[PDB]
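Enquirer: Okay, here's the structure, questions in a sec.
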Amino acid sequence: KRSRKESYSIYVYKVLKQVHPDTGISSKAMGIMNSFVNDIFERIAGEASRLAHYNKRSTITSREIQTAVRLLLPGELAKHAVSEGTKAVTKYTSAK
Amino acid sequence: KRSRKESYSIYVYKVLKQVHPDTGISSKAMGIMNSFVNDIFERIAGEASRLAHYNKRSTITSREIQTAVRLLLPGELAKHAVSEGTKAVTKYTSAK
Amino acid sequence: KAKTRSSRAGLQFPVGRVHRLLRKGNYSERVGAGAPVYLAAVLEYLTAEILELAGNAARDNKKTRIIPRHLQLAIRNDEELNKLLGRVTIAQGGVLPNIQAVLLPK
Amino acid sequence: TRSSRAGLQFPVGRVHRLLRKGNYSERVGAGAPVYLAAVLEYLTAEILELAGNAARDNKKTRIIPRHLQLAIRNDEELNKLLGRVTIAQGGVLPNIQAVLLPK
Amino acid sequence: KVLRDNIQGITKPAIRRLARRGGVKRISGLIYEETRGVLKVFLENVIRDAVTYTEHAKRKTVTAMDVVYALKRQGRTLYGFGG
Amino acid sequence: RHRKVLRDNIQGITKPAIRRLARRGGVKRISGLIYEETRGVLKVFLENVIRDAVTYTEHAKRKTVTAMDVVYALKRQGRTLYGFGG
Amino acid sequence: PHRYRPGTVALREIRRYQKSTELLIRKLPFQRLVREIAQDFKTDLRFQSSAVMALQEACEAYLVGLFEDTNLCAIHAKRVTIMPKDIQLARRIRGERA
Amino acid sequence: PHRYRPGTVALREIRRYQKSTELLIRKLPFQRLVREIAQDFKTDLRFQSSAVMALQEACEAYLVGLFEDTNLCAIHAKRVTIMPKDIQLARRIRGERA
DNA sequence: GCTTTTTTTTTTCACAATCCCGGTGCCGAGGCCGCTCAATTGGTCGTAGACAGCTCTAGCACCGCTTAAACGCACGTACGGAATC
Ligand SMILES: [Ca+2]
Ligand SMILES: [Ca+2]
Ligand SMILES: [Cl-]
Ligand SMILES: [Cl-]
Ligand SMILES: [K+]
């Protein structure tokens with residue numbers, strides 16, 4: 001078999017069908033969506049790495065994630081992102 | 001007491017007395033030289049970090065540094081920069 | 001037994017996969033157990049937000065599946081997304097219909 | 001000492017520690033921080049040699065931010081490396097667009 | 001008057017002096033407000049990030065580093081304050 | 001190895017094609033002197049982008065420039081490109 | 001004999017190409033040009049086809065957008081014909097060029 | 001009654017300021033701006049002295065740089081006097097405002 | 001204030017270009033399958049960092065002098081830009 005090449009494509013479909021059920025996605029489109037998630041992974045994870053480093057901290061926490069999102073995302077985009085991480089962590093925490 | 005914050009200054013001074021043994025330097029000037037060294041150290045290490053990362057390698061070696069330097073410094077400066085990093089390693093290897 | 005972290009967080013995006021990539025990505029020595037949840041959260045939000053707008057431009061173009069152009073129109077016509085993807089180039093994307101005023105006929 | 005072994009003033013020890021710690025890679029070769037010290041040392045020297053000239057050309061013994069700015073902005077290659085960098089108290093290169101000068 | 005729009009504290013004389021150091025000769029009147037606009041957006045952007053740093057570090061005192069780190073993010077890397 | 005040395009392919013970037021790119025940029029009227037000037041610019045873009053890709057190749061010891069080589073090179077020039085991996 | 005007024009077809013072309021996304025340089029001429037330039041830096045190199053396509057996507061985009069900047073620069077000096085000096089200003093303010 | 005013609009002090013003032021390195025904005029007014037603007041993001045903030053000077057080096061630097069680019073646009077429109085539309089164009093081309 | 005043309009506006013068809021549909025056909029989006037290797041479970045151990053307590057740094061407030069800089073106003077020259085060619 002060809003060597004295993006991971007992607008976010010199954011997650012992208014799963015999200016797409018939540019938003020626009022009647023809607024599909026071309027090979028190339030999905031590849032752009034992939035560049036996008038990797039792009040923003042690198043940026044958020046990078047500014048997290050920094051925040052921790054700056055504060056003489058060995059650990060990226062969800063705190064560092066949040067703050068980096070405040071630095072990296074424009075206005076209303078950042079807010080919804082801050083709420084939706086804050087939801088998800090809370091839900092995860094009570095579920096243990 | 002009073003913190004204990006490291007800096008490249010004692011070395012900036014040592015190099016200065018190699019290139020100009022009678023000229024001195026202000027604290028604002030030495031602050032720019034310390035800003036300069038830290039800047040490029042982070043530039044070359046980050047580009048090495050990524051090189052290594054793109055080639056599924058765990059070790060930054062002197063080779064990663066030399067590829068990062070071709071990438072970061074402009075032609076004629078990269079040339080001397082390699083020439084000096086090569087020569088320093090050769091000399092270091094030679095000693096023990 | 002066996003319930004994925006992503007399910008416990010109400011998430012589609014993989015917390016398992018994310019919490020690895022942080023550790024292996026030379027970002028820091030340690031990783032808190034919320035960090036990869038939070039991050040998967042944000043990547044899912046942002047991903048959803050682009051597919052919400054892409055798909056409208058998909059529909060408005062009278063087609064069922066999203067292609068590069070839909071994404072581009074959706075990114076460039078949306079004020080904030082365009083800022084976030086300001087130094088980013090979308091392949092087979094093209095440009096927004098824009099013709100400067102003074103170039104038009106009298 | 002290591003720096004002494006490598007022909008260097010810059011500290012091959014210190015540099016090596018900043019790499020392991022500084023979240024660049026899992027492991028660090030024994031070459032890298034030698035090489036990296038050498039390159040930082042090289043670049044340091046070129047600026048100081050050029051800015052130490054700017055001081056003496058202004059009959060002054062101590063190098064100041066202006067001397068660095070002048071050294072750096074007049075050296076096609078150093079300018080490009082530090083093209084998106086601001087030097088506090090550097091000032092700017094005397095230069096007046098031609099069509100503004102009289103006649 | 002003389003009241004709490006500190007942006008106006010940025011005098012025409014000082015705006016003139018910048019554009020001098022920037023090789024400008026003849027300065028339209030409308031410009032000193034345009035400049036004032038532009039300066040604020042500049043500070044807003046940098047200071048928002050610098051204080052975002054401050055709040056993360058759990059402090060009430062904005063450090064010179066916080067600014068340095070902000071200016072790097074904005075692509076305006078500054079030498080000689082802790083780089 | 002079975003013939004590969006290259007010609008003068010910069011004139012391959014025809015006046016028609018430069019005109020079409022200007023058109024996409026919403027340009028209505030184009031001077032005589034644009035087309036040569038454009039090729040200079042284009043060349044200097046490509047020289048810079050390929051030098052860097054070619055580096056990333058030579059490091060991984062390959063003799064084949066990958067799309068990722070070009071991608072990694074483009075992100076380096078602050079020209080991040082979406083839809084060819086990474 | 002019917003004849004369209006100078007600008008009326010340019011304006012059509014402008015709308016034709018803004019609507020579309022296909023690449024505007026002839027794919028082989030461009031490919032030959034990639035290969036020619038790459039020799040400077042290393043000989044007997046193979047390119048993935050995706051690497052060459054990734055380069056023509058990144059090129060066309062860079063120029064198409066420079067031509068925007070360049071058009072504003074023409075219009076700024078109350079002109080409609082983009083001229084060499086227009087590009088050069090665009091690039092000098094971008095900082096691509098000393 | 002000695003009277004220098006328009007623009008002839010300008011040039012003196014250019015030569016003068018380009019030779020020098022000293023902040024051109026008055027330090028206290030600047031500082032009062034930095035606190036005014038800081039409030040809008042957090043109350044009862046204190047600043048290191050050097051934080052404000054880091055902010056003021058950075059500001060003037062940007063402004064000076066923007067004026068160079070502005071001058072260039074104004075000269076590009078066969079003019080000698082900078083105007084807002086020069087600033088706005090140089091910012092449009094810097095990718096600072098859309 | 002006219003008489004006589006140019007300038008600008010209007011209306012009438014001719015023609016090209018683009019637009020919108022159904023028909024047709026090919027191929028890649030979508031999805032199912034079977035197997036894998038990476039995410040999960042449940043465990044252990046060590047230390048990173050939260051936390052309370054104390055030190056003293058440097059940020060802030062205030063005040064009272066001495067200017068240097070900002071200010072406002074008079075005046076006119078060189079500039080921007082409209083108009084023509
Ligand atoms: Ca919906
Ligand atoms: Ca189907
Ligand atoms: Cl966490
Ligand atoms: Cl090594
Ligand atoms: K890192």
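Here's how to read the names in the structure tokens: chain A, B, ... by the order shown, residue numbers from 1 in each chain, ligand numbers from 1 in the order shown.
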Could you please select, counting only C-alpha atoms, the residues of chain C within 12 Å of chain B and state them as a PDB file with N, CA and C atoms, in the first residue's frame?
Expert:
```pdb
ATOM      1  N   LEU C  21       0.355  16.122  17.595  1.00  0.00           N
ATOM      2  CA  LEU C  21       0.994  17.193  16.773  1.00  0.00           C
ATOM      3  C   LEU C  21       1.585  18.322  17.625  1.00  0.00           C
ATOM      4  N   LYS C  24       4.753  16.672  19.359  1.00  0.00           N
ATOM      5  CA  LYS C  24       5.782  16.247  18.382  1.00  0.00           C
ATOM      6  C   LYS C  24       6.251  17.442  17.554  1.00  0.00           C
ATOM      7  N   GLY C  25       5.639  18.600  17.760  1.00  0.00           N
ATOM      8  CA  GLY C  25       5.824  19.735  16.844  1.00  0.00           C
ATOM      9  C   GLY C  25       6.887  20.704  17.309  1.00  0.00           C
ATOM     10  N   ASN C  26       7.608  20.389  18.383  1.00  0.00           N
ATOM     11  CA  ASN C  26       8.699  21.261  18.891  1.00  0.00           C
ATOM     12  C   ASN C  26       8.075  22.601  19.289  1.00  0.00           C
ATOM     13  N   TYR C  27       6.931  22.572  19.981  1.00  0.00           N
ATOM     14  CA  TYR C  27       6.237  23.803  20.446  1.00  0.00           C
ATOM     15  C   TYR C  27       6.560  24.042  21.917  1.00  0.00           C
TER      16      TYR C  27
END
```
Enquirer: Superimpose chain G on chain H so that the squared distances between all in-order C-alpha pairs are minimised, and send the result as a compact mmCIF listing (two decimals) with N, CA, C and O atoms, in the first residue's frame.
Expert:
```txt
# COMPACT_ATOMS: atom_id res chain seq x y z
N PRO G 1 14.22 94.50 4.61
CA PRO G 1 13.95 93.31 5.45
C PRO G 1 14.18 92.00 4.68
O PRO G 1 13.53 91.78 3.67
N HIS G 2 15.13 91.17 5.15
CA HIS G 2 15.55 89.89 4.51
C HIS G 2 14.44 88.85 4.69
O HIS G 2 13.80 88.83 5.76
N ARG G 3 14.22 88.03 3.67
CA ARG G 3 13.13 87.02 3.66
C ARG G 3 13.50 85.86 2.73
O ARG G 3 13.76 86.09 1.52
N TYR G 4 13.51 84.65 3.29
CA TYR G 4 13.97 83.43 2.60
C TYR G 4 12.85 82.91 1.72
O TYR G 4 11.68 82.97 2.14
N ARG G 5 13.22 82.41 0.54
CA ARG G 5 12.26 81.99 -0.52
C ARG G 5 11.54 80.73 -0.07
O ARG G 5 12.17 79.82 0.48
N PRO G 6 10.23 80.61 -0.35
CA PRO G 6 9.47 79.46 0.14
C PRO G 6 10.12 78.15 -0.32
O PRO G 6 10.26 77.95 -1.52
N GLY G 7 10.55 77.32 0.62
CA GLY G 7 11.18 76.01 0.35
C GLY G 7 12.58 75.96 0.90
O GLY G 7 13.02 74.89 1.34
N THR G 8 13.25 77.10 0.91
CA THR G 8 14.66 77.25 1.34
C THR G 8 14.82 76.90 2.82
O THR G 8 15.91 76.49 3.23
N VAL G 9 13.78 77.08 3.63
CA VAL G 9 13.87 76.76 5.08
C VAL G 9 13.40 75.32 5.31
O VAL G 9 14.04 74.61 6.10
N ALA G 10 12.32 74.92 4.65
CA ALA G 10 11.88 73.51 4.58
C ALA G 10 13.09 72.62 4.28
O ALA G 10 13.24 71.60 4.98
N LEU G 11 13.91 73.01 3.28
CA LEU G 11 15.08 72.23 2.78
C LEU G 11 16.12 72.17 3.89
O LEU G 11 16.79 71.12 4.00
N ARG G 12 16.26 73.26 4.67
CA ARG G 12 17.22 73.36 5.81
C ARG G 12 16.76 72.41 6.93
O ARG G 12 17.59 71.60 7.36
N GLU G 13 15.50 72.54 7.35
CA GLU G 13 14.78 71.64 8.29
C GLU G 13 15.04 70.19 7.87
O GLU G 13 15.49 69.39 8.72
N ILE G 14 14.79 69.89 6.59
CA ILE G 14 15.01 68.54 5.98
C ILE G 14 16.42 68.07 6.30
O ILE G 14 16.53 66.89 6.70
N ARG G 15 17.44 68.91 6.08
CA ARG G 15 18.85 68.55 6.38
C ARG G 15 19.10 68.54 7.89
O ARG G 15 19.92 67.77 8.37
N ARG G 16 18.43 69.41 8.63
CA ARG G 16 18.65 69.53 10.09
C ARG G 16 18.30 68.19 10.72
O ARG G 16 19.11 67.70 11.53
N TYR G 17 17.15 67.64 10.35
CA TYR G 17 16.49 66.50 11.04
C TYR G 17 17.02 65.17 10.51
O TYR G 17 17.03 64.18 11.27
N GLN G 18 17.43 65.13 9.25
CA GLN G 18 18.00 63.89 8.68
C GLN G 18 19.33 63.63 9.39
O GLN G 18 19.56 62.46 9.79
N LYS G 19 20.12 64.67 9.64
CA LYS G 19 21.43 64.56 10.34
C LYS G 19 21.24 64.00 11.75
O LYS G 19 22.13 63.27 12.24
N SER G 20 20.13 64.33 12.40
CA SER G 20 19.88 64.02 13.83
C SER G 20 19.06 62.75 13.99
O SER G 20 18.64 62.13 12.96
N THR G 21 18.83 62.40 15.26
CA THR G 21 18.18 61.14 15.70
C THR G 21 17.30 61.32 16.94
O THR G 21 16.65 60.31 17.35
N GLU G 22 17.31 62.49 17.57
CA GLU G 22 16.51 62.72 18.80
C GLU G 22 15.06 62.60 18.36
O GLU G 22 14.79 62.81 17.13
N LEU G 23 14.19 62.26 19.31
CA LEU G 23 12.74 62.10 19.02
C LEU G 23 12.09 63.47 18.75
O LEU G 23 12.43 64.46 19.43
N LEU G 24 11.14 63.50 17.82
CA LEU G 24 10.55 64.73 17.28
C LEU G 24 9.15 65.00 17.85
O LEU G 24 8.62 66.11 17.61
N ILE G 25 8.58 64.07 18.61
CA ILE G 25 7.29 64.33 19.32
C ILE G 25 7.60 64.68 20.79
O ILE G 25 8.60 64.19 21.36
N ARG G 26 6.80 65.59 21.35
CA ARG G 26 7.03 66.14 22.71
C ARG G 26 6.69 65.03 23.69
O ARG G 26 5.57 64.53 23.60
N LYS G 27 7.61 64.65 24.58
CA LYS G 27 7.61 63.29 25.20
C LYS G 27 6.39 63.06 26.09
O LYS G 27 5.96 61.86 26.15
N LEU G 28 5.87 64.11 26.76
CA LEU G 28 4.71 63.99 27.69
C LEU G 28 3.41 63.92 26.89
O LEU G 28 2.65 62.97 27.05
N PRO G 29 3.10 64.87 26.00
CA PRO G 29 1.94 64.70 25.12
C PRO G 29 1.80 63.27 24.59
O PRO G 29 0.70 62.71 24.63
N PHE G 30 2.90 62.69 24.12
CA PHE G 30 2.93 61.32 23.57
C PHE G 30 2.59 60.31 24.67
O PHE G 30 1.88 59.32 24.43
N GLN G 31 3.17 60.54 25.84
CA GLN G 31 2.98 59.61 26.97
C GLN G 31 1.52 59.64 27.38
O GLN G 31 0.97 58.59 27.72
N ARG G 32 0.91 60.83 27.37
CA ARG G 32 -0.49 60.96 27.79
C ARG G 32 -1.32 60.17 26.78
O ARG G 32 -2.23 59.40 27.19
N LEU G 33 -0.95 60.30 25.51
CA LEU G 33 -1.66 59.63 24.40
C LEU G 33 -1.53 58.11 24.49
O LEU G 33 -2.49 57.41 24.13
N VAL G 34 -0.36 57.59 24.88
CA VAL G 34 -0.17 56.13 25.11
C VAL G 34 -1.25 55.74 26.12
O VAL G 34 -2.01 54.82 25.82
N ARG G 35 -1.30 56.45 27.24
CA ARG G 35 -2.06 56.02 28.44
C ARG G 35 -3.54 56.06 28.09
O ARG G 35 -4.25 55.10 28.41
N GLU G 36 -3.95 57.14 27.44
CA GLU G 36 -5.35 57.37 27.03
C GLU G 36 -5.83 56.17 26.22
O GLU G 36 -6.89 55.64 26.54
N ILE G 37 -5.06 55.76 25.23
CA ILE G 37 -5.44 54.69 24.27
C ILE G 37 -5.50 53.38 25.04
O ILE G 37 -6.39 52.57 24.76
N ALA G 38 -4.59 53.17 25.98
CA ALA G 38 -4.42 51.86 26.65
C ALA G 38 -5.66 51.59 27.52
O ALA G 38 -6.03 50.41 27.61
N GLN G 39 -6.26 52.64 28.10
CA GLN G 39 -7.51 52.54 28.92
C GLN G 39 -8.55 51.72 28.16
O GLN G 39 -9.17 50.84 28.80
N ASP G 40 -8.74 52.00 26.86
CA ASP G 40 -9.69 51.25 25.98
C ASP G 40 -9.58 49.76 26.31
O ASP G 40 -10.62 49.12 26.51
N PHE G 41 -8.35 49.25 26.41
CA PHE G 41 -8.05 47.80 26.50
C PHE G 41 -7.91 47.32 27.95
O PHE G 41 -8.25 46.15 28.20
N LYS G 42 -7.40 48.14 28.87
CA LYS G 42 -7.36 47.76 30.31
C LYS G 42 -7.09 48.99 31.17
O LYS G 42 -6.27 49.84 30.79
N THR G 43 -7.78 49.08 32.30
CA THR G 43 -7.75 50.25 33.21
C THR G 43 -6.69 50.03 34.29
O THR G 43 -6.31 48.87 34.55
N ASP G 44 -6.26 51.15 34.90
CA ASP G 44 -5.29 51.19 36.02
C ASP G 44 -4.11 50.30 35.67
O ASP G 44 -3.80 49.35 36.43
N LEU G 45 -3.51 50.59 34.51
CA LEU G 45 -2.25 49.98 34.00
C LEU G 45 -1.11 50.93 34.31
O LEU G 45 -1.25 52.15 34.06
N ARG G 46 0.00 50.37 34.79
CA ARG G 46 1.29 51.08 34.80
C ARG G 46 2.09 50.67 33.56
O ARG G 46 1.98 49.51 33.11
N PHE G 47 2.85 51.63 33.02
CA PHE G 47 3.87 51.43 31.97
C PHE G 47 5.25 51.68 32.57
O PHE G 47 5.43 52.75 33.16
N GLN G 48 6.17 50.73 32.39
CA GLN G 48 7.63 51.00 32.46
C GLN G 48 7.90 52.22 31.57
O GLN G 48 7.13 52.45 30.62
N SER G 49 8.90 53.03 31.92
CA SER G 49 9.25 54.25 31.17
C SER G 49 9.88 53.79 29.86
O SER G 49 9.56 54.39 28.82
N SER G 50 10.68 52.72 29.93
CA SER G 50 11.36 52.12 28.75
C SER G 50 10.29 51.62 27.76
O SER G 50 10.48 51.82 26.56
N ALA G 51 9.19 51.04 28.25
CA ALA G 51 8.06 50.61 27.39
C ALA G 51 7.48 51.82 26.67
O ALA G 51 7.11 51.67 25.50
N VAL G 52 7.38 52.98 27.32
CA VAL G 52 6.79 54.17 26.66
C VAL G 52 7.80 54.70 25.65
O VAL G 52 7.37 55.05 24.53
N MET G 53 9.08 54.72 26.00
CA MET G 53 10.15 55.20 25.09
C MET G 53 10.21 54.27 23.86
O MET G 53 10.16 54.81 22.73
N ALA G 54 10.23 52.95 24.06
CA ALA G 54 10.14 51.90 23.02
C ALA G 54 8.94 52.13 22.09
O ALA G 54 9.07 51.83 20.89
N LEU G 55 7.81 52.61 22.61
CA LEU G 55 6.63 52.95 21.79
C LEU G 55 6.88 54.24 20.99
O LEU G 55 6.54 54.24 19.82
N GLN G 56 7.48 55.28 21.55
CA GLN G 56 7.72 56.53 20.77
C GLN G 56 8.84 56.34 19.75
O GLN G 56 8.81 57.06 18.72
N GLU G 57 9.80 55.45 20.02
CA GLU G 57 10.82 55.08 19.02
C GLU G 57 10.12 54.37 17.86
O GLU G 57 10.36 54.76 16.70
N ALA G 58 9.24 53.41 18.17
CA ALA G 58 8.59 52.56 17.13
C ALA G 58 7.60 53.40 16.34
O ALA G 58 7.47 53.13 15.15
N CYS G 59 6.95 54.38 16.96
CA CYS G 59 5.97 55.27 16.28
C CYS G 59 6.72 56.18 15.33
O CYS G 59 6.33 56.24 14.17
N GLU G 60 7.68 56.93 15.85
CA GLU G 60 8.24 58.04 15.06
C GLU G 60 8.75 57.38 13.78
O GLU G 60 8.43 57.87 12.68
N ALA G 61 9.42 56.24 13.93
CA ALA G 61 10.07 55.50 12.83
C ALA G 61 9.04 55.11 11.78
O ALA G 61 9.30 55.26 10.56
N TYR G 62 7.91 54.58 12.23
CA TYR G 62 6.81 54.10 11.36
C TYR G 62 6.33 55.27 10.51
O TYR G 62 6.24 55.07 9.29
N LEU G 63 6.06 56.44 11.11
CA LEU G 63 5.55 57.64 10.40
C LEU G 63 6.66 58.20 9.51
O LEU G 63 6.39 58.40 8.31
N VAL G 64 7.87 58.42 10.06
CA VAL G 64 9.02 59.02 9.30
C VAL G 64 9.17 58.27 7.98
O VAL G 64 9.45 58.92 6.96
N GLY G 65 9.02 56.95 8.02
CA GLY G 65 9.20 56.09 6.84
C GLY G 65 7.98 56.11 5.94
O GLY G 65 8.15 55.88 4.74
N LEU G 66 6.79 56.27 6.53
CA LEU G 66 5.53 56.38 5.76
C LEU G 66 5.64 57.69 4.99
O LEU G 66 5.26 57.72 3.80
N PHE G 67 6.20 58.72 5.62
CA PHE G 67 6.34 60.04 4.96
C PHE G 67 7.29 59.93 3.77
O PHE G 67 7.05 60.60 2.78
N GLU G 68 8.33 59.10 3.83
CA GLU G 68 9.14 58.80 2.63
C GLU G 68 8.20 58.25 1.54
O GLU G 68 7.96 58.92 0.54
N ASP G 69 7.62 57.07 1.75
CA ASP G 69 6.71 56.44 0.77
C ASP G 69 5.78 57.52 0.22
O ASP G 69 5.64 57.60 -1.01
N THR G 70 5.20 58.32 1.12
CA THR G 70 4.17 59.34 0.82
C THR G 70 4.74 60.41 -0.11
O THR G 70 4.01 60.79 -1.07
N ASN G 71 5.97 60.86 0.13
CA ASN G 71 6.67 61.88 -0.71
C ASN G 71 6.86 61.34 -2.13
O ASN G 71 6.57 62.06 -3.09
N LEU G 72 7.31 60.10 -2.29
CA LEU G 72 7.45 59.48 -3.63
C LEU G 72 6.09 59.55 -4.30
O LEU G 72 6.02 59.74 -5.51
N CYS G 73 5.04 59.36 -3.52
CA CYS G 73 3.69 59.22 -4.08
C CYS G 73 3.24 60.58 -4.56
O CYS G 73 2.57 60.61 -5.60
N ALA G 74 3.65 61.64 -3.87
CA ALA G 74 3.38 63.03 -4.32
C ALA G 74 4.11 63.27 -5.64
O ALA G 74 3.45 63.65 -6.66
N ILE G 75 5.41 63.02 -5.63
CA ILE G 75 6.32 63.22 -6.79
C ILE G 75 5.85 62.36 -7.97
O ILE G 75 5.97 62.80 -9.12
N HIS G 76 5.33 61.16 -7.73
CA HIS G 76 4.90 60.23 -8.82
C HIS G 76 3.82 60.90 -9.67
O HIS G 76 3.79 60.67 -10.88
N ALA G 77 2.98 61.70 -9.02
CA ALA G 77 1.88 62.46 -9.64
C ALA G 77 2.33 63.90 -9.85
O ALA G 77 1.49 64.81 -9.75
N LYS G 78 3.61 64.08 -10.17
CA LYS G 78 4.23 65.37 -10.56
C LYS G 78 3.73 66.49 -9.65
O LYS G 78 3.19 67.50 -10.18
N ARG G 79 3.87 66.27 -8.34
CA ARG G 79 3.55 67.25 -7.27
C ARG G 79 4.72 67.31 -6.31
O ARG G 79 5.67 66.52 -6.49
N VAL G 80 4.66 68.23 -5.36
CA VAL G 80 5.73 68.45 -4.36
C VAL G 80 5.11 68.49 -2.97
O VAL G 80 5.84 68.23 -1.95
N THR G 81 3.82 68.81 -2.93
CA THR G 81 2.99 68.80 -1.71
C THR G 81 2.35 67.42 -1.54
O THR G 81 1.51 66.99 -2.40
N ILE G 82 2.77 66.75 -0.48
CA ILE G 82 2.17 65.47 -0.05
C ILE G 82 0.73 65.78 0.36
O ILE G 82 0.49 66.81 1.01
N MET G 83 -0.21 64.94 -0.05
CA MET G 83 -1.65 65.15 0.20
C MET G 83 -2.19 63.88 0.85
O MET G 83 -1.56 62.82 0.75
N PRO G 84 -3.36 63.97 1.51
CA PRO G 84 -4.00 62.79 2.10
C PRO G 84 -3.96 61.57 1.18
O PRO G 84 -3.47 60.52 1.58
N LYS G 85 -4.44 61.74 -0.05
CA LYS G 85 -4.50 60.63 -1.03
C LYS G 85 -3.11 59.98 -1.17
O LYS G 85 -3.08 58.77 -1.34
N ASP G 86 -2.02 60.74 -1.06
CA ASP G 86 -0.65 60.17 -1.12
C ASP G 86 -0.44 59.13 -0.01
O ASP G 86 -0.20 57.93 -0.33
N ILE G 87 -0.54 59.54 1.24
CA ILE G 87 -0.50 58.58 2.38
C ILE G 87 -1.34 57.33 2.03
O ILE G 87 -0.84 56.16 2.22
N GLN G 88 -2.58 57.55 1.57
CA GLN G 88 -3.61 56.49 1.46
C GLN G 88 -3.15 55.48 0.43
O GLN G 88 -3.36 54.27 0.66
N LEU G 89 -2.52 55.95 -0.65
CA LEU G 89 -1.96 55.07 -1.70
C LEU G 89 -0.81 54.30 -1.06
O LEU G 89 -0.86 53.06 -1.13
N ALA G 90 0.15 55.02 -0.45
CA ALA G 90 1.29 54.40 0.27
C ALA G 90 0.75 53.26 1.14
O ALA G 90 1.28 52.11 1.03
N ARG G 91 -0.29 53.53 1.93
CA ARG G 91 -0.79 52.52 2.89
C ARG G 91 -1.52 51.40 2.16
O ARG G 91 -1.37 50.24 2.63
N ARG G 92 -2.25 51.71 1.09
CA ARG G 92 -3.01 50.69 0.30
C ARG G 92 -2.00 49.76 -0.39
O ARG G 92 -2.23 48.52 -0.38
N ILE G 93 -0.91 50.29 -0.94
CA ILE G 93 0.13 49.43 -1.60
C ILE G 93 0.92 48.66 -0.53
O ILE G 93 1.29 47.50 -0.80
N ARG G 94 1.18 49.28 0.62
CA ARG G 94 1.82 48.56 1.74
C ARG G 94 0.89 47.43 2.18
O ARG G 94 1.37 46.38 2.62
N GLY G 95 -0.41 47.66 2.12
CA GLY G 95 -1.40 46.67 2.56
C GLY G 95 -1.71 46.83 4.03
O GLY G 95 -1.96 45.83 4.71
N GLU G 96 -1.66 48.07 4.51
CA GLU G 96 -1.97 48.39 5.92
C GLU G 96 -3.47 48.62 6.00
O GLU G 96 -3.99 48.73 7.10
N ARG G 97 -4.11 48.69 4.84
CA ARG G 97 -5.42 49.36 4.66
C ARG G 97 -6.03 48.77 3.39
O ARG G 97 -5.30 48.65 2.38
N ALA G 98 -7.31 48.39 3.48
CA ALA G 98 -8.10 47.81 2.38
C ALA G 98 -8.23 48.86 1.26
O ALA G 98 -8.52 48.51 0.12
```
Enquirer: Around ligand 4, out to 6 Å and counting only C-alpha atoms (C1' of nucleotides) and all ligand atoms, which residues are there? I want them as JSON, numbers by chain.
Expert: {"B": [61, 62], "D": [29, 30, 31, 32]}
Enquirer: Mind writing the picked residues with C-alpha atoms as a PDB file, in the first residue's frame?
Expert:
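Generated output (selection.pdb):
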```
ATOM      1  CA  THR B  61      23.087  19.454  13.106  1.00  0.00           C
ATOM      2  CA  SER B  62      25.698  21.939  11.761  1.00  0.00           C
TER       3      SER B  62
ATOM      4  CA  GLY D  29      24.333  17.937  16.994  1.00  0.00           C
ATOM      5  CA  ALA D  30      27.771  18.819  18.468  1.00  0.00           C
ATOM      6  CA  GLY D  31      28.517  20.929  15.327  1.00  0.00           C
ATOM      7  CA  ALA D  32      25.427  23.222  15.260  1.00  0.00           C
TER       8      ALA D  32
END
```
Enquirer: Around ligand 3, which protein and nucleic acid residues have at least one atom no more than 8 Å from it, if we count only C-alpha atoms (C1' of nucleotides) and all ligand atoms? List them as a ChimeraX atom specification.
Expert: /A:60-63 /C:31-36
Enquirer: Could the residues that lie within 7 Å of ligand 1, counting only C-alpha atoms (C1' of nucleotides) and all ligand atoms, be listed as a PyMOL selection string?
Expert: (chain A and resi 19-20) or (chain C and resi 52)
Enquirer: Check the DSSP output for the backbone and give back, as a ChimeraX atom specification, the residues of chain C in strand (DSSP E or B).
Expert: /C:30-31,65-66,88-90
Enquirer: Emit the selected residues as an mmCIF file, in the first residue's frame, including C-alpha atoms.
Expert:
```cif
data_model
loop_
_atom_site.group_PDB
_atom_site.id
_atom_site.type_symbol
_atom_site.label_atom_id
_atom_site.label_comp_id
_atom_site.auth_asym_id
_atom_site.auth_seq_id
_atom_site.Cartn_x
_atom_site.Cartn_y
_atom_site.Cartn_z
ATOM 1 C CA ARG C 30 4.844 19.882 28.153
ATOM 2 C CA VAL C 31 1.202 20.106 26.870
ATOM 3 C CA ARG C 65 -19.932 21.225 -4.604
ATOM 4 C CA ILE C 66 -17.482 23.916 -3.366
ATOM 5 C CA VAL C 88 -2.222 33.866 1.729
ATOM 6 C CA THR C 89 -2.759 32.812 -1.966
ATOM 7 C CA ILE C 90 -5.615 30.375 -2.900
#
```
Enquirer: Enumerate, as number ranges by chain, the complete set of residues in chain H that a backbone-based DSSP assignment places in alpha helix (DSSP H).
Expert: H: 8-19, 27-39, 49-76, 84-93
